[PDB]
Amino acid sequence: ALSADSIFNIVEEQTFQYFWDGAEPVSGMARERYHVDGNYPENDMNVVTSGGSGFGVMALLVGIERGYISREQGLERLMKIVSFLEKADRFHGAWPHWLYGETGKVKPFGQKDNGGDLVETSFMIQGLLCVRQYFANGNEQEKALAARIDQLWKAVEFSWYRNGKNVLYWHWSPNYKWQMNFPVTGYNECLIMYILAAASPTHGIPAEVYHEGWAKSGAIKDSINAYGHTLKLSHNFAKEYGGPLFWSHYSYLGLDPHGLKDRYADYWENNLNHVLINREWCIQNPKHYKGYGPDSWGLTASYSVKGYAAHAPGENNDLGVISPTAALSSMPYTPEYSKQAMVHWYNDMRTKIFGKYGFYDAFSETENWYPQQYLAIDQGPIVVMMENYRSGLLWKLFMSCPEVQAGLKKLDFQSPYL
Ligand SMILES: OC[C@H]1O[C@@H](O[C@H]2[C@H](O[C@@H]3[C@@H](O)[C@H](O)[C@@H](CO)O[C@H]3O)O[C@H](CO)[C@@H](O)[C@@H]2O)[C@H](O)[C@@H](O)[C@@H]1O
Ligand SMILES: OC[C@H]1O[C@@H](O)[C@H](O)[C@@H](O)[C@@H]1O
Ligand SMILES: [K+]
């Protein structure tokens with residue numbers, strides 16, 4: 001029976017290994033998935049994911065900082081990644097969701113999603129900007145990396161994805177054009193795309209794209225009340241309890257939500273309340289699933305008993321599946337509650353739910369379902385948020401970008417970093 005502190009470092013280190021020992025070997029990029037038993041129904045073990053690899057380059061910086069790898073080891077790996085990303089398919093400067101690791105060519109995420117994915121590109125840029133800042137004051141080779149990252153950053157054509165409108169579209173294809181037809185309106189996980197779009201010095205957006213598009217001219221404001229907690233953001237399709245918990249993770253890995261506010265919300269309090277509602281649902285456990293309680297909580301999108309599902313509170317959304325990234329990546333918001341789950345899982349369940357790349361993606365005690373499987377997009381925010389809770393690493397780096405601060409000012413945000 002180990003201490004939280006011992007467990008914390010074991011979990012952080014092993015989770016980081018998804019992105020190191022687990023990386024696709026040619027590219028260095030994060031695999032979409034890793035299945036311990038070697039069985040890949042889609043034969044896609046070496047398909048890498050642009051968004052999750054953004055998480056992973058952050059994780060590499062955690063690795064250098066915690067001594068998991070040397071500074072030099074980290075640098076050479078990031079160099080390899082950036083080389084790959086310089087030759088990979090880009091679609092008005094945005095990477096696709098999926099790439100073949102060995103070649104850097106697109107794998108369509110469904111037939112018509114065969115071009116750019118601006119949302120996944122934004123998670124890659126959040127992470128690559130942290131790397132730019134980390135190296136900006138090092139040696140000749142570190143600065144040339146920082147510059148090549150700056151170049152990739154500046155070539156993302158955020159404005160292209162407006163398609164002439166006051167909003168950003170998620171996708172664009174060479175041949176299918178705008179047929180995916182997903183204009184990105186809030187609230188969902190995608191805030192960082194609009195912030196980066198405003199920040200871009202070469203291909204930015206005017207403020208109306210954010211206010212009329214993301215914010216729906218104010219219709220993003222809501223009042224979702226559960227367990228005595230209020231969300232003031234209109235969580236898309238989740239007006240009872242808020243969405244899957246990762247919405248309070250992905251856009252907040254670099255962007256620091258502490259003290260972040262604008263006319264639509266106080267992001268700290270809304271992110272926190274999102275977590276506390278999620279946890280409370282698991283404590284009340286209305287569907288009477290096995291294992292739900294204060295030592296085992298957190299619903300988010302992940303592998304599921306019948307495949308993959310966007311788990312969340314509500315009788316229609318909670319499938320008896322707990323996914324560790326929900327509670328663990330919530331460490332900066334709810335450290336003691338996130339540690340409570342982490343400790344129970346490690347001390348009492350590790351032989352079922354803990355593996356070489358940290359805790360597995362999802363489990364159901366109701367169904368005795370304990371797949372030895374992992375997803376980049378679930379492991380990455382665990383490593384990153386655990387380190388943010390510890391030291392602020394990625395927040396410090398990201399928030400230091402002059403362009404991030406300008407973009408936040410342009411969109412009428414408040415934050416101490418400004
Ligand atoms: O396939 C498009 C895009 O979907 C992203 O999911 C969004 C989800 O989008 C769903 C869409 O996928 C679904 O087919 C239709 C009808 O069922 O409705 C939309 O809501 O919406 C939520 C709420 O805004 C987002 O959190 C979620 O991420 C995938 O993430 C993305 O990878 C994919 O390209
Ligand atoms: O990217 C995360 C997951 O999204 C799901 O919709 C897809 O079916 C999976 O291939 C993928 O692992
Ligand atoms: K197979």
Side-chain angles (χ1 to χ4, degrees), residues 19 23-24 26-30 48-61 64 74-101 103-106 115-138 140-161 168 170-172 174 192-205 250-251 253-255 376 380 384 394 397-407:
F19 297 96
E24 185 284 301
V26 180
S27 67
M29 296 269 287
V48 300
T49 164
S50 57
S53 284
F55 313 158
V57 301
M58 298 170 99
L60 292 185
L61 296 181
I64 294 163
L75 177 67
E76 172 188 34
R77 183 66 60 86
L78 289 163
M79 257 173 294
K80 181 172 60 177
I81 291 169
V82 166
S83 296
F84 170 89
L85 290 170
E86 295 164 334
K87 301 172 315 222
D89 291 341
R90 284 187 277 172
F91 300 87
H92 289 281
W95 300 281
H97 189 155
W98 279 345
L99 295 162
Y100 298 94
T103 66
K105 300 299 184 273
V106 66
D117 184 321
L118 192 56
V119 171
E120 300 280 325
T121 290
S122 300
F123 302 137
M124 172 61 84
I125 296 301
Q126 181 173 230
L128 286 175
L129 294 173
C130 300
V131 178
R132 187 189 73 174
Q133 303 297 106
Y134 185 82
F135 286 117
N137 304 308
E140 289 71 22
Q141 205 183 33
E142 295 173 341
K143 297 184 163 149
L145 179 58
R148 291 159 73 188
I149 292 164
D150 193 55
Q151 287 189 3
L152 285 181
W153 154 236
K154 289 157 183 179
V156 178
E157 297 167 49
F158 301 93
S159 48
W160 172 256
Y161 288 78
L168 299 168
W170 198 312
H171 314 90
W172 177 81
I192 200 78
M193 170 176 69
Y194 282 87
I195 300 300
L196 292 168
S200 174
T202 38
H203 294 288
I205 49 172
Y250 292 6
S251 278
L253 294 180
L255 177 76
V384 173
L394 291 309
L397 301 162
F398 184 77
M399 300 300 290
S400 79
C401 299
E403 310 91 318
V404 170
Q405 294 169 25

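Just so you know, residue 1 is the first one in the sequence shown, and it goes up from there.
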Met193 vs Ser251, test: side-chain contact (heavy atoms from CB on, under 4.5 Å). Steps then yes/no. CA-CA 8 Å; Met193 170 176 69; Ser251 278; over 6 Å; no
Interatomic distance, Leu397 atom CG to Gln133 atom CD [nearest 0.5 angstrom]: 7.0 Å
Within the distance-only criterion (no hydrogens, no angle test), does the side chain of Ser159 pair as donor or acceptor with the backbone N or O of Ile205 below 3.5 angstrom? no
Shortest non-hydrogen contact from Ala23 to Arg77? CB-NH1, 4.0 Å
Show the numbers, then the answer: is there a side-chain contact (heavy atoms from CB on, under 4.5 Å) between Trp153 and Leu196? CA-CA 10 Å; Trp153 154 236; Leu196 292 168; 4.2 Å; yes
Separation between CG (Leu99) and NE2 (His97), nearest 0.5 Å, reads 10.0 Å
With rounding to the nearest 0.5 Å, note down the distance linking CG in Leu128 to CE in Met58. 10.0 Å
Is there a side-chain contact between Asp150 and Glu403 (heavy atoms, below 4.5 Å)? yes
Would you check, one step at a time, whether the test side chain to side chain donor-acceptor pair (under 3.5 Å) holds for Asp117 with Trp95? CA-CA 6 Å; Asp117 184 321; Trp95 300 281; over 6 Å; no
Once you round to the nearest 0.5 Å, how far does CD of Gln141 lie from CE of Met79? 4.0 Å
Using atom types as modelled and distance alone, determine if a side-chain donor or acceptor of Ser200 lies under 3.5 Å from a backbone N or O of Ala197. no
Over 60° means perpendicular and under 30° means parallel, so tell me whether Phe123 and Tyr250 are parallel, tilted or perpendicular. perpendicular
Between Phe135 and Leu61, is a side-chain contact (heavy atoms from CB on, under 4.5 Å) present by the stated rule, with each step listed? CA-CA 10 Å; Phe135 286 117; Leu61 296 181; 4.3 Å; yes
Results of side chain to side chain donor-acceptor pair (under 3.5 Å) for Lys80 - residues two or more places apart only: none
Do any N or O atoms from the side chain of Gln126 and from the backbone of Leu255 form a donor-acceptor pair under 3.5 angstrom? yes
Counting only heavy atoms not in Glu86, do more than 12 sit closer than 6.0 Å to its CD atom? yes
Shortest non-hydrogen pair, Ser27 vs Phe84, comes out as CB-CD1, 3.5 Å
Do you know which two heavy atoms are closest between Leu118 and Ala94, and how far apart they sit? CD1-CB, 4.3 Å
How close do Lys143 and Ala136 get, counting heavy atoms only, and between which atoms? CE-O, 3.3 Å
Is any side-chain heavy atom of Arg132 closer than 4.5 Å to one of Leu129? yes
Ignoring hydrogens and geometry, is there a side-chain-to-backbone donor-acceptor pair from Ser50 to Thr121 under 3.5 Å? no
CD1 (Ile192) and OG (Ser122) are apart, to the nearest 0.5 Å, by 8.0 Å
For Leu253 and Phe55, work out which heavy atoms get closest and say how close. CD1-CD2, 3.2 Å
Report the distance from atom CD1 of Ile81 to atom CD1 of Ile149, rounding to the nearest 0.5 Å. 9.5 Å
With no hydrogens and no angle check, is any side-chain donor or acceptor of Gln405 less than 3.5 Å from a backbone partner on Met399? yes
Pick one: which of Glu120, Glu24, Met124 meets side chain to side chain contact (heavy atoms under 4.5 Å, CB included) with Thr49? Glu120
Measure from the side-chain N and O atoms of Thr202 to the backbone N and O of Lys154, and report whether any donor-acceptor pair falls under 3.5 Å. yes
Which atom pair, heavy atoms only, marks the closest approach of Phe91 to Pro96? CE1-CD, 3.9 Å
Looking at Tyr161, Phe158, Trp160, which one forms a ring pair (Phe, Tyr, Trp, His ring centres under 6.0 Å) with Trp172? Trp160
